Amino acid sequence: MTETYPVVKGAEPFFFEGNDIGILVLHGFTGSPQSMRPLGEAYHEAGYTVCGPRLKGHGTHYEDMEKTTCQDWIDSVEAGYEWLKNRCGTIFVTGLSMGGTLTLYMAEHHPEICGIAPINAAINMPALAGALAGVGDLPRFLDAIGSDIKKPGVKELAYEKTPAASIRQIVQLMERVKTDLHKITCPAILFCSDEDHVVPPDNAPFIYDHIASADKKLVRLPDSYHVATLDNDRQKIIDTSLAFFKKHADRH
């Protein structure tokens, strides 16, 4: 596909020059880099080189999104990875929701990745998969309202509709990332909201159980809902991820 709409203000990808340690920061499904930008600025302020990419058909119009595949989303992630690889010998990947899924995908295909930090990563979503047995009975565009965030008054740049055709794209990505988890050896910290109205809570331990990593931990986000990067536990995510980055950078 090709995007007919322009990037919405605030949805731009961020590229931060820094030292030889890079961080790849990924947003989720119908989202944009706006939800990841606070993490990205924080990691940049710590001296790190940072890339938050814009996934294709994201941050423009959901009509654009409708035409994208999950391979398009991977391409967008891989392009950001490659940008980092030209500037950095050490690269970590972190992402929210489907960005966490893509974070796991990257660890599944690129052994040189030093560590990962998915946030509320989705590998199993019965509701969506259920909607697929249907899908001819679904509206072309589902109303997607609003963002799942506990902290009141918070606004996320994300689409107000989900294309029904994008559902099979995210399901196909989750299925593929699910079966491939055993391939992951790198250090992993899995952030999981206590209450998440979007991704089932059993996703986090499931991921924990099927990756082959020797150094792995689940980290609870007790005051936050699904979009945790804009939520109460935002700082906890940042501080924990910085400590994680430093720790493994020091040990290589």
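Position 1 is the first residue in the sequence shown; the rest follow in order.
Taking only CA atoms, the mean B-factor in the PDB entry is higher for 135-143 than for the other of 68-76 and 135-143. Stretches 95-103 and 152-160 differ in mean CA B factor, with 152-160 having the higher one. The PDB entry assigns the greatest CA B-factor among 57, 31, 52, 200 to 200.
Residue 206: CA B factor in the highest third of modelled residues in this chain (values from the PDB entry).
The deposited CA B-factor of residue 244 belongs to the lowest third of values across its chain.
When the modelled residues of the chain are ordered by their C-alpha B factor, residue 46 lands in the middle third. Among all modelled residues in its chain, residue 127 ranks in the highest third by Cα B-factor. Among all modelled residues in its chain, residue 227 ranks in the lowest third by Cα B-factor.
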